[PDB]
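For the record, the sequence lines run as chains A and B.
Residues in the first sequence are numbered consecutively from 2, following the working numbering.
Residues in the second sequence are numbered consecutively from 267, following the working numbering.
Using N, Cα and C, we set each Cβ at its ideal position, and we do this for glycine too.
One structure is given here, and the rest of the page talks about it.
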Amino acid sequence: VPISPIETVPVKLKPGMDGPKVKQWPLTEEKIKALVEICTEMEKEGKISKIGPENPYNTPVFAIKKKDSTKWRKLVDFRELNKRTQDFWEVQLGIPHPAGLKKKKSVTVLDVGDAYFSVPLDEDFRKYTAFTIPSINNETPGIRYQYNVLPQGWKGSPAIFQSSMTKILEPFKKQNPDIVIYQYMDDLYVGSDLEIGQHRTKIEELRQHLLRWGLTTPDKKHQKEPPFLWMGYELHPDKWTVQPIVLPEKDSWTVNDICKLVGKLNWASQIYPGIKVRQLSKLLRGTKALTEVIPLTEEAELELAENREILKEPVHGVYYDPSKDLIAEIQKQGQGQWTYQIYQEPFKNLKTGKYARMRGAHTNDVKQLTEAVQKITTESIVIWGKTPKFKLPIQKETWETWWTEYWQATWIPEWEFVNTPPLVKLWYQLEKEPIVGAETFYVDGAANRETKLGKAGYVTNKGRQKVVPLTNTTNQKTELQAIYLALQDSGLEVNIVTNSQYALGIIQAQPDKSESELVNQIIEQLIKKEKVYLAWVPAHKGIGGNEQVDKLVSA
Amino acid sequence: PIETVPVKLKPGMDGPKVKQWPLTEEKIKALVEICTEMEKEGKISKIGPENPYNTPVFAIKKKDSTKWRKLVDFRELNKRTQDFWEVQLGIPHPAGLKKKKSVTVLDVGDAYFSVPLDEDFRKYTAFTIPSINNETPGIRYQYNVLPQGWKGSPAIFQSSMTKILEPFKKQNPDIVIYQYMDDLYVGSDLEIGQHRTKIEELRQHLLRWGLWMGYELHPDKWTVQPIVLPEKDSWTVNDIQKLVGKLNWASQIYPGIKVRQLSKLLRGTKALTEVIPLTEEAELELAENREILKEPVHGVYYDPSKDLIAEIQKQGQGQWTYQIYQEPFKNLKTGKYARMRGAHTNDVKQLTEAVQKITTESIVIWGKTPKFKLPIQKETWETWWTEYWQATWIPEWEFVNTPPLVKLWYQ
DNA sequence: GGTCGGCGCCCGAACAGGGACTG
DNA sequence: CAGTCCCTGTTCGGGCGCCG
Numbered sequence: 002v003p004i005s006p007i008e009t010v011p012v013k014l015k016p017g018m019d020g021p022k023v024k025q026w027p028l029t030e031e032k033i034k035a036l037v038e039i040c041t042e043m044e045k046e047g048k049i050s051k052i053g054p055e056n057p058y059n060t061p062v063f064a065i066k067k068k069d070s071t072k073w074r075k076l077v078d079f080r081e082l083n084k085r086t087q088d089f090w091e092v093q094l095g096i097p098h099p100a101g102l103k104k105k106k107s108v109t110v111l112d113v114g115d116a117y118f119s120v121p122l123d124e125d126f127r128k129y130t131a132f133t134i135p136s137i138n139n140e141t142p143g144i145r146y147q148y149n150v151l152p153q154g155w156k157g158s159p160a161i162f163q164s165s166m167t168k169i170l171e172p173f174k175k176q177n178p179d180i181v182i183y184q185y186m187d188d189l190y191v192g193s194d195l196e197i198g199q200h201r202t203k204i205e206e207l208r209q210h211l212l213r214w215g216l217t218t219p220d221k222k223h224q225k226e227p228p229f230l231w232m233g234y235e236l237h238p239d240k241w242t243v244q245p246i247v248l249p250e251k252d253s254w255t256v257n258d259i260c261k262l263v264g265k266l267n268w269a270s271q272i273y274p275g276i277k278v279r280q281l282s283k284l285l286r287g288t289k290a291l292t293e294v295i296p297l298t299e300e301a302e303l304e305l306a307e308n309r310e311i312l313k314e315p316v317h318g319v320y321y322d323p324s325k326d327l328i329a330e331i332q333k334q335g336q337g338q339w340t341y342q343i344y345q346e347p348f349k350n351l352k353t354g355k356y357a358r359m360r361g362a363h364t365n366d367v368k369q370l371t372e373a374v375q376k377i378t379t380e381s382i383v384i385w386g387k388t389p390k391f392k393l394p395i396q397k398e399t400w401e402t403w404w405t406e407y408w409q410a411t412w413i414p415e416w417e418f419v420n421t422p423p424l425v426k427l428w429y430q431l432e433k434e435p436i437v438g439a440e441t442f443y444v445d446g447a448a449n450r451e452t453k454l455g456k457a458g459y460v461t462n463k464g465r466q467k468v469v470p471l472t473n474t475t476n477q478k479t480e481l482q483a484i485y486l487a488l489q490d491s492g493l494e495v496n497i498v499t500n501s502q503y504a505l506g507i508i509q510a511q512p513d514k515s516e517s518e519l520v521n522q523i524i525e526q527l528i529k530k531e532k533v534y535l536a537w538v539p540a541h542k543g544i545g546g547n548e549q550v551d552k553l554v555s556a
Numbered sequence: 267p268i269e270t271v272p273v274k275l276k277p278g279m280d281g282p283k284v285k286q287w288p289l290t291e292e293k294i295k296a297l298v299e300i301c302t303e304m305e306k307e308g309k310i311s312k313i314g315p316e317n318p319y320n321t322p323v324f325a326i327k328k329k330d331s332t333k334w335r336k337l338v339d340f341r342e343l344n345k346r347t348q349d350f351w352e353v354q355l356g357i358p359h360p361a362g363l364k365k366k367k368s369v370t371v372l373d374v375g376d377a378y379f380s381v382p383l384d385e386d387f388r389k390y391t392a393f394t395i396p397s398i399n400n401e402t403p404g405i406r407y408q409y410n411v412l413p414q415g416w417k418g419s420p421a422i423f424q425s426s427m428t429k430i431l432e433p434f435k436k437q438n439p440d441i442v443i444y445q446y447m448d449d450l451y452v453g454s455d456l457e458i459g460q461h462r463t464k465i466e467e468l469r470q471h472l473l474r475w476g477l478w479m480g481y482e483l484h485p486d487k488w489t490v491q492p493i494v495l496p497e498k499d500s501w502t503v504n505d506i507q508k509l510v511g512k513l514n515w516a517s518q519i520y521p522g523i524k525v526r527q528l529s530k531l532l533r534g535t536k537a538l539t540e541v542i543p544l545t546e547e548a549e550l551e552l553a554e555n556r557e558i559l560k561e562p563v564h565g566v567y568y569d570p571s572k573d574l575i576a577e578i579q580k581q582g583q584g585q586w587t588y589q590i591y592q593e594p595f596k597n598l599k600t601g602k603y604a605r606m607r608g609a610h611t612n613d614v615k616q617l618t619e620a621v622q623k624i625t626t627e628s629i630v631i632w633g634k635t636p637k638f639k640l641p642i643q644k645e646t647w648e649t650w651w652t653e654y655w656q657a658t659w660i661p662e663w664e665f666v667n668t669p670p671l672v673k674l675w676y677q
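Below you can see the structure in the form of structure tokens.
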């Protein structure tokens with residue numbers, strides 16, 4: 002067998018494990034013809050070689066139909082081999098995005114034919130890559146081959162090709178530094194600011210530099226005229242957009258159809274602004290069978306109709322201009338939902354997106370806004386390598402009030418206030434010093450770990466008192482209940498003294514939303530107040546009325 | 267032509283496999299240049315995907331330094347090689363270094379490139395350079411010499427280092443030299459003038475063997491932050507309640523603290539703003555507790571076999587308090603930082619500066635880096651902390667969320 | 001079809017660790 | 001007292017989308 006022009010990548014098995022000897026699936030007669038036709042052809046071109054009984058290994062094989070063609074593709078079920086093969090460190094750290102592309106005078110796109118079959122495999126490993134071809138008769142022994150290139154379906158092939166490909170492009174990239182070559186697997190975006198005459202020359206210089214190593218650049222896949230089709234987009238000299246997205250129009254929706262719908266909606270959210278999937282993902286909570294039919298909710302059909310109307314109109318993104326600043330602007334779409342757009346000139350979006358992750362049982366709009374800023378910051382440095390300037394619907398004073406007093410560290414990069422309702426604000430402020438002339442409530446609450454019963458109430462400096470029997474409760478739920486009672490029964494200004502660390506912590510974090518209805522009720526009473534002062538005193542120390550009300554709510 | 271020191275991982279562990287995090291443009295361009303140059307000087311060489319190990323990498327600029335510096339997050343590698351640089355080739359810790367009037371730090375990382383690394387150990391020094399928008403897949407390298415930021419490098423180079431320092435240690439015996447990571451700590455009681463002079467004597471003494479920095483410390487002027495009680499002449503119900511809670515909380519440190527009398531002043535269900543006269547028995551329990559806060563804690567001493575642990579609290583208005591301990595409530599050192607870079611405008615820059623100052627103090631006093639309990643969300647820290655980092659080492663950390671309870675460390 | 005790798009999101013279930021009370 | 005439990009936050013296992 003001849004030697005491939007490309008260097009081979011040494012591969013080992015994991016120590017102490019032998020190759021796979023697994024048998025073969027029974028195959029339909031229509032796929033047996035497609036395999037023996039492909040096996041005898043790849044054997045002619047030096048890509049698979051026969052093996053005798055000295056090879057004790059075996060692995061299954063099958064063949065699926067290629068999309069929009071009569072040719073078949075050969076795949077190997079290497080699930081047992083992949084287990085015992087060494088681990089690789091994948092080099093594809095992410096997916097390129099068109100928003101990171103700079104406007105280039107000339108652009109060329111090409112795609113190499115049978116990329117995995119132009120790159121060799123390590124000699125030693127080939128012996129492991131053994132499989133049997135079943136004949137049309139179940140009695141025929143069958144044809145046993147062993148691979149010599151990268152088998153499609155093996156876990157090392159993508160990691161090996163990308164590193165081998167980059168090593169071949171380095172000499173051309175070293176001689177042609179101003180040539181931008183976006184290299185994602187087998188696809189080469191080649192752009193340059195050279196004149197269109199000197200550009201086609203460099204195109205052929207590389208198509209020959211690639212040809213020297215066994216990499217064919219067919220003129221069928223060659224692309225010289227805009228619009229180019231690259232990574233599932235459409236690149237025009239001034240604008241880009243995604244290739245058309247097709248949502249299902251089922252009359253009866255299953256869980257998998259929502260998954261396929263939610264998936265394409267998330268994919269559409271990178272340029273199509275304002276896509277919401279809150280009410281559609283609520284269909285996926287607590288469900289067990291994909292194959293289970295689910296009826297759409299009124300809030301879900303409305304969200305789908307709005308998303309369909311957005312996909313009707315055409316949208317397009319622009320390219321990255323390094324000379325002008327990067328800008329990102331956020332809106333509060335819905336409760337727990339956020340959207341953003343990244344641009345450099347107004348309305349000329351580089352890309353859009355959404356953030357909706359609910360972190361914690363207790364949160365507010367300021368926290369969620371801070372979490373979205375970070376999600377955008379990371380995504381930005383990926384695509385462009387810088388942090389965009391931020392237009393945020395929060396008052397500069399509102400934010401200054403928050404981060405200066407909050408006990409965690411928190412920060413937002415260079416930003417500016419944009420007056421786009423709904424504005425993010427703090428719905429209440431806890432006073433720092435006790436209010437002069439305000440009734441003082443000493444609250445407490447306890448329960449029994451067995452009876453799940455408890456009391457909760459208060460005693461005031463004016464003699465006011467209440468104790469309320471509670472059922473199905475915990476020590477935490479009672480201490481929160483005691484604070485809810487003091488707020489209900491106090492004026493616009495109130496001083497409240499509790500001994501629960503658990504409660505004070507939830508509240509000093511000034512939350513505006515919560516998964517617990519009791520917390521949500523506490524919030525609503527806090528907003529109705531003009532001044533509120535919380536304070537903590539240790540329990541069981543005989544403190545004020547906190548020992549006279551620890552004894553009334555004891556049982 | 268130098269023989270390599272054979273190294274091995276601690277038994278029963280695999281190398282680091284940590285993903286690389288996204289990097290800015292000004293850092294990637296800085297790494298590509300340094301890596302292409304280091305490759306040309308044979309210090310590194312490209313590798314492939316057969317190596318299953320990886321370690322994150324980024325770049326920094328030290329304080330008042332125009333030049334970029336390559337930094338590798340070998341924390342996961344160092345945890346998996348701990349037996350080597352502690353059992354076989356450890357470095358003693360001069361307990362007098364913390365007592366010098368001035369201590370200067372010198373980046374000596376360039377000297378490690380002179381020594382080759384063990385061939386079988388180069389597999390674990392693997393890292394990856396990312397590309398903006400993932401234009402190209404990851405450009406991978408591995409180290410051919412002693413890497414900067416690895417805890418095995420100053421152990422292998424120690425024998426070579428001691429021989430370089432002997433002509434200077436003999437001329438100047440009263441000077442104390444300690445080596446930690448890529449840094450060299452030199453302390454002397456000399457006046458600030460002739461101190462900086464002897465530094466340049468050693469800088470030229472190091473240039474003639476194949477090696478520059480300048481950061482000055484004053485460990486004798488390091489103060490501790492005690493727990494203090496206010497000196498009010500008129501006390502209210504609320505003042506006495508905050509006083510008891512803080513005194514109740516501090517009782518876990520000083521067991522002699524008692525709050526009974528004060529509690530007795532909080533018998534009635536009184537309004538918070540109501541002025542309360544201090545009884546005669548109360549004014550004495552307040553003065554004795556103030557004196558117990560003057561005394562040192564009983565039974566607090568440093569254990570070399572225990573990990574250092576640090577806690578940091580945000581006090582607002584540019585104030586940050588910290589405590590360093592090995593066993594809870596047995597604080598080896600406490601303190602407070604104020605008016606650092608980024609005050610009143612950037613919490614993360616302040617927290618980053620504080621971790622550095624604290625870690626530097628931990629190296630001078632015990633020769634260990636503490637594990638940090640950081641008062642910040644995990645996602646907020648992992649986003650911004652590299653932009654304000656200005657040191658060649660990286661401590662370990664974790665993320666907490668303890669709401670304030672009763673301002674124990676700052677008035 | 002029931003092959004691989006990369007990246008994103010959504011969910012629940014499992015892990016984990018700190019605070020208060022009791023055995 | 002260690003041992004629960006009440007609570008909350010993180011990690012990870014499993015679905016689709018996209019790219020080749």
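Measure from the C-beta of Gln-579 (chain B) to each C-beta in chain A and report whether the shortest distance is under 9 angstroms. Translated into the one-based positions of the second sequence, residue 579 (chain B) becomes position 313. Yes, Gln-579 (chain B) counts as interfacial toward chain A.
Could you list the residues in the stretch 483-507 of chain A with a C-beta less than 8 angstroms from some C-beta on chain B, going in chain order? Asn-496, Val-498, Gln-502, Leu-505 and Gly-506
The beta strand (DSSP E) with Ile-443 (chain B) in it runs from where to where? Here residue 443 (chain B) is taken as the residue at index 177 of the second sequence, counted from 1. First-last of the beta strand (DSSP E) with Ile-443 (chain B): 442-446.
At least one CB of chain B closer than 9 angstroms to the CB of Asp-69 (chain A): is that the case? By one-based count along the first sequence, residue 69 (chain A) stands at place 68. Not closer than 9 angstroms to any Cβ of chain B, the Cβ of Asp-69 (chain A) fails to qualify, so no.
May I have a chain-ordered list of the alpha helix (DSSP H) segments no shorter than 4 residues that lie completely inside the stretch 298-350 of chain A? 299-313
Identified DSSP bridge partners for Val-468 (chain A): Here residue 468 (chain A) refers to the residue found at position 467 when the first sequence is read from its first residue. Note: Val-468 (chain A) sits in a beta bridge opposite A:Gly-458.
Residue interval of the beta strand (DSSP E) (run including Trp-73 (chain A)): Taking the first sequence and counting its residues from 1, the one referred to as residue 73 (chain A) is at position 72. It spans 73-77 - the beta strand (DSSP E) in which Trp-73 (chain A) sits, taken as one unbroken run.
Per the contact definition of three or more C-beta pairs closer than 8 angstroms, is the stretch 647-655 of chain B in contact with the stretch 614-625 of chain B? yes
Could you check whether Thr-364 (chain A) and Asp-513 (chain A) sit closer than 9 angstroms to each other, using their CB atoms as the reference points? In the first sequence, residue 513 (chain A) corresponds to position 512, counting from 1. In the first sequence, residue 364 (chain A) corresponds to position 363, counting from 1. Yes; because the gap between Cβ atoms is below 9 angstroms, this pair is in contact.
Does the beta-carbon of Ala-504 (chain A) have 16 or more other beta-carbons within 10 angstroms, so that it is buried, or is it exposed? Numbered from 1 along the first sequence, position 503 holds the residue referred to as residue 504 (chain A). It counts as buried.
Would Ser-164 (chain A) pass as an interface residue toward chain B - the criterion being a Cβ-Cβ separation below 9 angstroms? Numbered from its first residue, the first sequence carries residue 164 (chain A) at position 163. Answer yes: the Cβ-Cβ gap between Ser-164 (chain A) and chain B drops below 9 angstroms somewhere.
Look up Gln-589 (chain B) in the DSSP assignment and say whether it is helix, strand or coil. Stepping through the second sequence from its first residue, residue 589 (chain B) is reached at position 323. Residue state, collapsed to three classes: strand.
Per the DSSP calculation, residue 557 (chain A) is bridged to which residue(s)? Not covered by the structure: residue 557 (chain A). The range shown for chain A is 2 to 556.
Local Cβ density within 10 Å of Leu-483 (chain B), reported as buried at 16 or more and exposed below that: Start at 1 with the first residue of the second sequence, and residue 483 (chain B) comes out as number 217. Looking at its Cβ environment, which holds 16 or more other Cβ atoms inside 10 Å, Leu-483 (chain B) is buried.
Contact set for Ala-357 (chain A): own chain, Cβ-Cβ below 7 angstroms, skip 5 residues either direction: Here residue 357 (chain A) refers to the residue found at position 356 of the first sequence. Here the set comprises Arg-279, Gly-337, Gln-338 and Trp-339.
Excluding the 5 residues preceding and the 5 following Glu-662 (chain B) in the sequence, name in chain order all residues of the same chain whose CB lies nearer than 6 angstroms to its CB. One-based indexing of the second sequence puts residue 662 (chain B) at position 396. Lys-637.
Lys-22 (chain A): which of A:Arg-80, A:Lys-48, A:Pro-6 and A:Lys-72 sits nearest, CA to CA? Start at 1 with the first residue of the first sequence, and residue 22 (chain A) comes out as number 21. Of the listed residues, the one whose Cα sits closest to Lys-22 (chain A) is A:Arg-80.
At a Cβ cut of 7 angstroms, what residues of the stretch 640-656 of chain B count as close to chain A, listed as they run along the chain? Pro-641, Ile-642, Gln-643, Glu-645, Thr-646, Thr-649 and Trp-650
Between the beta-carbon of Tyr-459 (chain A) and the beta-carbon of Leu-538 (chain B), is there less than 9 angstroms? To locate residue 459 (chain A), count along the first sequence from 1; it is residue 458. To locate residue 538 (chain B), count along the second sequence from 1; it is residue 272. In this structure, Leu-538 (chain B) does not lie closer than 9 angstroms to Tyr-459 (chain A) by Cβ.
Under 6 angstroms Cβ to Cβ from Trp-428 (chain A), same chain only, skipping five residues before and after it: list those, please. Locating residue 428 (chain A) in the first sequence gives position 427, counting from the first residue. For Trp-428 (chain A), where only same-chain residues beyond five positions count, the Cβ hits under 6 angstroms are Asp-513 and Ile-528.
Would you kindly work out how many angstroms separate the C-alpha atoms of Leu-102 (chain A) and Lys-580 (chain B), rounded to a whole number? As a first step, residue 102 (chain A) must be located in the first sequence, where it is residue number 101. As a first step, residue 580 (chain B) must be located in the second sequence, where it is residue number 314. Using only the alpha carbons, I get a separation of about 42 angstroms.
With DSSP as the reference, please indicate the residues paired to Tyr-409 (chain B) in a beta bridge. What you label residue 409 (chain B) is simply residue 143 of the second sequence in a count that begins at 1. In DSSP, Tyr-409 (chain B) forms a bridge with B:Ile-310.
Taking 8 angstroms as the threshold, find out whether the stretch 154-165 of chain A comes into contact with the stretch 115-131 of chain A through three or more Cβ pairs. yes
Which residues DSSP lists as bridging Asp-373 (chain B), in chain order: Translated into positions along the second sequence, residue 373 (chain B) becomes position 107. According to DSSP, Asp-373 (chain B) bridges with B:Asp-449.
Where the alpha helix (DSSP H) through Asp-505 (chain B) begins and ends: As a first step, residue 505 (chain B) must be located in the second sequence, where it is residue number 239. Start and end: 503-516.
Return the chain-ordered ranges of every alpha helix (DSSP H) run that is complete within the stretch 448-496 of chain B and spans a minimum of 4 residues. 458-473
Whole-angstrom distance between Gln-585 (chain B) and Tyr-603 (chain B), CA atom to CA atom: One-based indexing of the second sequence puts residue 603 (chain B) at position 337. One-based indexing of the second sequence puts residue 585 (chain B) at position 319. One C-alpha to the other measures close to 6 angstroms.
Buried versus exposed, by CB contacts within 10 Å (16 or more), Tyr-444 (chain B): Numbered from 1 along the second sequence, position 178 holds the residue referred to as residue 444 (chain B). Under this definition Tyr-444 (chain B) is a buried residue.
Chain B contacts from the stretch 518-545 of chain A (Cβ-Cβ distance under 9 angstroms): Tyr-534, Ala-536, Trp-537, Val-538, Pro-539, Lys-542, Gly-543, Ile-544 and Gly-545
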